[PDB]
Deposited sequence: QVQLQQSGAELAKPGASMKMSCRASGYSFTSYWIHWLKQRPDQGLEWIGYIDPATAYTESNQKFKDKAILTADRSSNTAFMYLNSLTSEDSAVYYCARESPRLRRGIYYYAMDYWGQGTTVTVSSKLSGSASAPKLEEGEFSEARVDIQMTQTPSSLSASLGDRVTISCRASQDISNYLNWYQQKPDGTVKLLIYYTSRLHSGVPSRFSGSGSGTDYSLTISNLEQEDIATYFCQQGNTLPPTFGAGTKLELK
């Protein structure tokens, strides 16, 4: 079983540097990319970059190009991220996540199929826009519910959906508009095309209470929606 284990919470001084790690077990580390992401209090996620462990090649978001450096060591099955010139804007939860198996030779989904548990950092002494509606939505057990997602440009069906629980745990539910991931119960379904997409949950259960994110992976950098909170 795939597993990603991240390092423990740290505090730091303004102006300093720091280093955090992500240890892999239960699969061939050199066969899939590792991604890094940032999430601020009560906000959506931002994508920082990825590294290919087999070749050491890296890709970075222009917004983080002076802020972060990514590395990997194959023998110890571990990836790393280094940050510099820390400010209060840098206090956040940081995550690592694995890239899913490809679509065909040279064509990836940009769907993150397994996630680490997050590291909390405290500092103390044109992009494609996604729009999710509504921002929160209440329902009762056994109901049918649908949520909507729009992008600012044709994303040609490269649209993915994730679920985040109150304790931070993140998982992939659907990739490439309508494909279920391993272990997802078939009461989850999705549809769309062009710029307009939706997710539908049939026969709600109490373990479905959470926050839901959409994400395009047509063009770099990957961008996320701001979330829909689903409550009883």
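According to the record, C-alpha coordinates are lacking for deposited residues 126 to 145, 253.
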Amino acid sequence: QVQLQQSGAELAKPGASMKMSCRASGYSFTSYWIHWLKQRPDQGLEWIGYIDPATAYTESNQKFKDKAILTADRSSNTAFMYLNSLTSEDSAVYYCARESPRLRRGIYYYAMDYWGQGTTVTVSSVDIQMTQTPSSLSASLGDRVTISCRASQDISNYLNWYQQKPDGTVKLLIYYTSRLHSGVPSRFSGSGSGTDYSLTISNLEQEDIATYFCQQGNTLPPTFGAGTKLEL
From here on, numbers count along this sequence of modelled residues.
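Of the two stretches examined, 204 to 212 and 21 to 29, the record assigns the greater average C-alpha temperature factor to 204 to 212. The PDB entry records a higher mean C-alpha B factor for 132 to 140 than for its counterpart among 132 to 140 and 92 to 100. The residue among 81, 149, 123, 159 whose C-alpha atom has the highest B-factor in the PDB entry is 123. Ranked by Cα temperature factor within the chain, residue 77 sits in the middle third according to the deposited record.
When the modelled residues of the chain are ordered by their C-alpha B factor, residue 14 lands in the highest third.
The PDB entry assigns residue 179 a C-alpha temperature factor belonging to the middle third of its chain's modelled residues.
Compared with the other modelled residues of the chain, the Cα B-factor recorded for residue 55 ranks in the highest third. In the deposited entry, the Cα temperature factor of residue 43 places it in the highest third of its chain's modelled residues.
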